[PDB]
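Participant: Handing you a structure now.
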Amino acid sequence: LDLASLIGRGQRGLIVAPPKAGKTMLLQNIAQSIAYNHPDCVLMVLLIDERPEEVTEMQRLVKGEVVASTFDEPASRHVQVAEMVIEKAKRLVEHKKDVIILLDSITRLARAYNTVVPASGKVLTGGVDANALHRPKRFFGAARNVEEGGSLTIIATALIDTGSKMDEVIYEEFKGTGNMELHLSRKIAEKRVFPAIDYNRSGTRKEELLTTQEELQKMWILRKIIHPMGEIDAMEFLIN
Amino acid sequence: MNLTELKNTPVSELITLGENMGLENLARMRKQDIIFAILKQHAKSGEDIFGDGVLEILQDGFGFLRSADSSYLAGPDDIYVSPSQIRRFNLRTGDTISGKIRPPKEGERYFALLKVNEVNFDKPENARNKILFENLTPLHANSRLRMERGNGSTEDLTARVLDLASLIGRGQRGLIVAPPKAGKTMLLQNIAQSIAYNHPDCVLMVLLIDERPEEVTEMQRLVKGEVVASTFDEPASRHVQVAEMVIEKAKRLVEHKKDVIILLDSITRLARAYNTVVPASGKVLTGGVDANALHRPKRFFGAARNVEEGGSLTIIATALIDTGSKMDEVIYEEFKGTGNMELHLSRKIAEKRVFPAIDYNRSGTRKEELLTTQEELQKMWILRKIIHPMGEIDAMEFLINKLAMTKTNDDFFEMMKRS
Amino acid sequence: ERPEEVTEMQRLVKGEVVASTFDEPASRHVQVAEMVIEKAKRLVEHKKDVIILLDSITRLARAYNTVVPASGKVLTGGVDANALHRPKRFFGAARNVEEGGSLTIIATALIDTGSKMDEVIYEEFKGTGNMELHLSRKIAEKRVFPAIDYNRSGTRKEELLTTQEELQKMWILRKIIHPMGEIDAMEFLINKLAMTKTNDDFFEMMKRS
Ligand SMILES: Nc1ncnc2c1ncn2[C@@H]1O[C@H](COP(=O)(O)OP(=O)(O)OP(O)(O)=S)[C@@H](O)[C@H]1O
Ligand SMILES: [Mg+2]
């Protein structure tokens, strides 16, 4: 529940969910957990291009300010609210104060950038511009910890398997750049923890004759660590 | 003698009135021109008469007033609205105005407006101070739209089927997805006449675009509420301006703490028309559709909401599925997930002629807890448990079978629980 | 100009004004032009600052072209090089002096009139001024005044006029206002400058934002 328990202080993180998986109330619970457990930190709930009633519910069931953009207006509103929230976050960093950002959703912001960014000829499979990639990279890497005083941290929300093709490319590049990524659905858990790409690469050579410790480096530890819920197992991918 | 009475009357009354008092060769011109000419000739006696219609403002400051029976068409029947009227009665688009009209003197062709006597079915003076729609606060669909008609046909059986499969709320935002030849138009009928029979208090509005003329004329003579429809013969701008003016008129109506329901068939056609008419932005997606084109129908759909302090705006819009054209998909997943409820249909159920063809498992609603009570929520959840296992066609056959012998939905519930 | 607005602006502003009516020939417009510029330059030469406001340079150039005899070198549309030569010198007379004095000139030009004369003078004159303030009619539909768009408005040599604090804050405003929409920019600027009393507090409230 507590953000320090889940996201800690100063480090970025993601949560990824499919449609019809329980996003709104989970974000609500995270919001009041932040409000009660750490009232000192400045709450910041943000929404992009979703139904106005849920925007009102979010901004009415929490205490922090909720700058949100409903799904009526075009994506220029979304992009410019993105720069202005990141600039006010930077100002609060210069203000020597911790902030928490609940953004929903980064896939929405990314493909809004994709459909708004001017054409540059660097498109890829699916017409994804490179600018619409490293501008989100700049926004997502601006969430670095403050080493001089205080600590900014953000919790990310992403949507998966929405019946489209644009979302999984940005999902896999977030996987490439992700710090921690909470998961809800079934298959993508195994997709991440046991990379099918790496499994196929290994199986192409079958049991590769890894000499000496190279074979023993790949280790898997399951420790039934003590948890307040009671004996929640923790599984770790030990490498050399 | 208002414009509405002679506008609504058929050709026989028009030609009889023309030949009675001295109209020559009046049978060979378009009906709007006929009513214009005959009403001008009658008003040449200087008798002020009442008027009715919906106003709109073009690029210039001058405004026009149209009639509902004319399918919101710009023609000779249009009524002048001077900008001075806009200032002196804070007029904005979509306001329904009733008042004395002015016969045309030399220099003008149409009819002006002498005075205003009823603005939005209300006194013009007390409506000067009013709350704008922009700052209104959205809310959930707390009020259930009980559309169970209880008349005693299999059409009522379809009504009960979507009662048991959907939760229609007052002020919600709904999407319907179905393949062609599945039962969309008369499902919308079901909705229309069920609302008319069960909820006469709320006004019913049915918007039809690029539909066949026979469907339009059978829809106009079947629904109790007023219906606006523009066929495919007219260009894209016709449909676009119809949709804009009707949605903003519903906005003005719901601003008066009124319950407005708009049945749209379809929304994909509206998106196609908007893409056709909108200037190109240079950022085209798959299927020849650019980015900014989809914004307009998409804010159009987003206009639906429920007002906390009074009034509700419900939009039930249909979306085409698997028609073989890529842009139909493009719109399908562009609007997917933006509605308070989704209603899915399958063509294979219609192939075996089991009707309706609603996919029970796929159909769903958002925030059922606030809309209904806990007891009926669990009572529908247990049906979801028992009907989820077998196939959707088998599910519908089972449901219609053991619902045919049952008079109402409640008795169906207490007849299932004992089993 | 019509008499009414001329008389009105005569006692809105305390500065001396010379105005001429349309019906009288353009020759007297030319003469009053040379006397006003000559007295202005004499006052500048006396180490005294001069500020001139003019409306409109391209249309008075049109009038001069109509009244000047044709030298025989006819450009496109009947324009003559000597026809635009005199207005060109008139506009270029603006000349700051390091020894002393100044001759600031602020002239306006009119475009989108249906006759391409004013256009031809526009692209013959643009780029010859130390600043430029584009203005468009697209703002007056929404009834917002002034109609001064900011993205494509610019000036030459900002680095010398004032301190780089104002420069950097103006740059921040530019970069937060340029990519975003034009009508959006106009409403944003009018609102954000509405409740703020002064420009210093306005810069401060961007800085805190
Ligand atoms: N409840 C019902 N009662 C009677 N006939 C029904 C019912 N449901 C479906 N049908 C039959 O379904 C057929 C197709 O219905 P339509 O409403 O015309 O299909 P559609 O989904 O509207 O697709 P369009 O309008 O042709 S593009 C008709 O021949 C109806 O007789
Ligand atoms: Mg039909």
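By order of appearance in the structure tokens: chains A, B, ..., then residues from 1 within every chain, and ligands from 1 in the order shown.
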Compute the chain A side of the contact with chain B at 7 Å, counting only C-alpha atoms, and hand it back as JSON, numbers by chain.

Facilitator: {"A": [50, 51, 52, 53, 56, 71, 72, 73, 74, 115]}

Participant: Distance limit 12 Å, atoms considered: only C-alpha atoms. Which chain B residues sit that close to chain C? Return them as a PyMOL selection string.

Facilitator: chain B and resi 59-61

Participant: Restrict the distance test to only C-alpha atoms, flag each residue of chain A within 10 Å of chain C, and return the flagged residues as a PyMOL selection string.

Facilitator: chain A and resi 76-77+79-80+83-85+87-92+95

Participant: Based on the selection just made, write N, CA and C atoms of those residues as a PDB file, in the first residue's frame.

Facilitator:
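Output below, filename result.pdb:
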```
ATOM      1  N   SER A  76      -2.953  18.081 -28.489  1.00  0.00           N
ATOM      2  CA  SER A  76      -2.081  19.219 -28.210  1.00  0.00           C
ATOM      3  C   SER A  76      -2.226  19.672 -26.762  1.00  0.00           C
ATOM      4  N   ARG A  77      -3.459  19.676 -26.253  1.00  0.00           N
ATOM      5  CA  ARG A  77      -3.688  19.934 -24.837  1.00  0.00           C
ATOM      6  C   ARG A  77      -2.913  18.946 -23.976  1.00  0.00           C
ATOM      7  N   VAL A  79      -0.149  17.187 -24.764  1.00  0.00           N
ATOM      8  CA  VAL A  79       1.295  17.380 -24.824  1.00  0.00           C
ATOM      9  C   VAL A  79       1.696  18.607 -24.010  1.00  0.00           C
ATOM     10  N   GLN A  80       0.963  19.718 -24.164  1.00  0.00           N
ATOM     11  CA  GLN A  80       1.382  20.939 -23.484  1.00  0.00           C
ATOM     12  C   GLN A  80       1.177  20.828 -21.980  1.00  0.00           C
ATOM     13  N   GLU A  83       4.348  19.123 -20.794  1.00  0.00           N
ATOM     14  CA  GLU A  83       5.502  19.984 -20.514  1.00  0.00           C
ATOM     15  C   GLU A  83       5.261  20.863 -19.292  1.00  0.00           C
ATOM     16  N   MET A  84       4.038  21.362 -19.094  1.00  0.00           N
ATOM     17  CA  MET A  84       3.874  22.278 -17.968  1.00  0.00           C
ATOM     18  C   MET A  84       3.924  21.540 -16.631  1.00  0.00           C
ATOM     19  N   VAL A  85       3.433  20.296 -16.567  1.00  0.00           N
ATOM     20  CA  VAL A  85       3.576  19.536 -15.327  1.00  0.00           C
ATOM     21  C   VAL A  85       5.036  19.168 -15.087  1.00  0.00           C
ATOM     22  N   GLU A  87       7.617  20.910 -16.021  1.00  0.00           N
ATOM     23  CA  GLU A  87       8.288  22.139 -15.608  1.00  0.00           C
ATOM     24  C   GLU A  87       7.953  22.505 -14.167  1.00  0.00           C
ATOM     25  N   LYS A  88       6.692  22.341 -13.752  1.00  0.00           N
ATOM     26  CA  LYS A  88       6.382  22.632 -12.356  1.00  0.00           C
ATOM     27  C   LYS A  88       7.024  21.609 -11.424  1.00  0.00           C
ATOM     28  N   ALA A  89       7.175  20.361 -11.877  1.00  0.00           N
ATOM     29  CA  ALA A  89       7.915  19.379 -11.091  1.00  0.00           C
ATOM     30  C   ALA A  89       9.373  19.792 -10.933  1.00  0.00           C
ATOM     31  N   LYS A  90       9.992  20.275 -12.013  1.00  0.00           N
ATOM     32  CA  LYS A  90      11.365  20.764 -11.918  1.00  0.00           C
ATOM     33  C   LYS A  90      11.462  21.960 -10.978  1.00  0.00           C
ATOM     34  N   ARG A  91      10.477  22.859 -11.030  1.00  0.00           N
ATOM     35  CA  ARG A  91      10.471  24.000 -10.122  1.00  0.00           C
ATOM     36  C   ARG A  91      10.371  23.545  -8.671  1.00  0.00           C
ATOM     37  N   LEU A  92       9.496  22.575  -8.393  1.00  0.00           N
ATOM     38  CA  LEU A  92       9.391  22.040  -7.040  1.00  0.00           C
ATOM     39  C   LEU A  92      10.676  21.343  -6.615  1.00  0.00           C
ATOM     40  N   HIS A  95      12.608  23.914  -5.503  1.00  0.00           N
ATOM     41  CA  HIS A  95      11.996  24.391  -4.270  1.00  0.00           C
ATOM     42  C   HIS A  95      12.437  23.593  -3.048  1.00  0.00           C
TER      43      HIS A  95
END
```

Participant: Can you pull out every residue with an atom within 10 Å of ligand 2? Use only C-alpha atoms and all ligand atoms and format it as a list in words.

Facilitator: residues 180, 181, 182, 183, 184, 185, 186, 187, 188, 189, 211, 212, 215, 219 and 265 of chain B

Participant: Please return as an MDAnalysis selection string the residues found within 12 Å of ligand 1, counting only C-alpha atoms and all ligand atoms.

Facilitator: chainID B and resid 153:162 176:190 208 210:216 218:219 265:266 269 318:321 323 344:358 400

Participant: Using DSSP on the backbone coordinates, identify all residues within range 56-164 of chain C classified as strand (DSSP E); present the result as a ChimeraX atom specification.

Facilitator: /C:102-108,131-132,154-155

Participant: Write the residues of the selection above to a file with C-alpha atoms, as a tab-separated table (two decimals), in the first residue's frame.

Facilitator:
```tsv
chain	number	residue	atom	x	y	z
C	102	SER	CA	17.84	59.52	-32.61
C	103	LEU	CA	15.29	59.38	-35.44
C	104	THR	CA	13.06	56.44	-34.53
C	105	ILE	CA	10.41	55.67	-37.16
C	106	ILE	CA	7.47	53.30	-36.63
C	107	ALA	CA	5.47	52.86	-39.83
C	108	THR	CA	2.63	50.50	-40.67
C	131	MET	CA	12.27	45.16	-36.15
C	132	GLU	CA	9.08	43.57	-37.45
C	154	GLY	CA	10.49	39.25	-33.80
C	155	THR	CA	13.16	41.92	-33.60
```

Participant: What separation in Å, quoted to one decimal, exists between CA of residue 232 in chain B and CA of residue 268 in chain B?

Facilitator: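 CA of residue 268 in chain B lies 13.7 Å from CA of residue 232 in chain B.
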
Participant: Tell me, which residues of range 134-228 of chain A carry DSSP helix (DSSP H, G or I), written as a ChimeraX atom specification?

Facilitator: /A:134-141,166-177,187-193,196-204,213-216

Participant: Which residue out of A:135, A:10, A:39, A:190 has the minimum interatomic distance to residue 148 in chain A when only C-alpha atoms are used?

Facilitator: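 Under the stated criterion, the closest residue is A:10.
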
Participant: With distances taken over only C-alpha atoms, which of B:126, B:12, B:373, B:70 is nearest to residue 90 in chain B?

Facilitator: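 Looking only at the distances to residue 90 in chain B, the closest residue turns out to be B:126.
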
Participant: Just want the 10 Å neighbourhood of range 42-50 of chain C, counted on only C-alpha atoms, with same-chain residues fewer than 2 positions away dropped. Output as a PyMOL selection string.

Facilitator: chain C and resi 36-40+52+94-97+99-105

Participant: Based on the selection just made, write C-alpha atoms of those residues as a tab-separated table (two decimals), in the first residue's frame.

Facilitator:
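File produced: selection.tsv:
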```tsv
chain	number	residue	atom	x	y	z
C	36	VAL	CA	7.86	66.44	-41.90
C	37	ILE	CA	10.88	64.20	-42.47
C	38	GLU	CA	13.12	67.23	-43.00
C	39	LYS	CA	12.03	68.95	-39.79
C	40	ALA	CA	12.39	65.63	-37.96
C	52	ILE	CA	7.63	59.28	-35.74
C	94	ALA	CA	15.55	56.01	-39.43
C	95	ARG	CA	19.07	56.39	-38.10
C	96	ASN	CA	20.39	56.12	-34.55
C	97	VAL	CA	23.51	58.20	-33.87
C	99	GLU	CA	27.32	61.00	-31.25
C	100	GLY	CA	23.84	62.13	-30.21
C	101	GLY	CA	20.15	62.10	-31.10
C	102	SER	CA	17.84	59.52	-32.61
C	103	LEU	CA	15.29	59.38	-35.44
C	104	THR	CA	13.06	56.44	-34.53
C	105	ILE	CA	10.41	55.67	-37.16
```
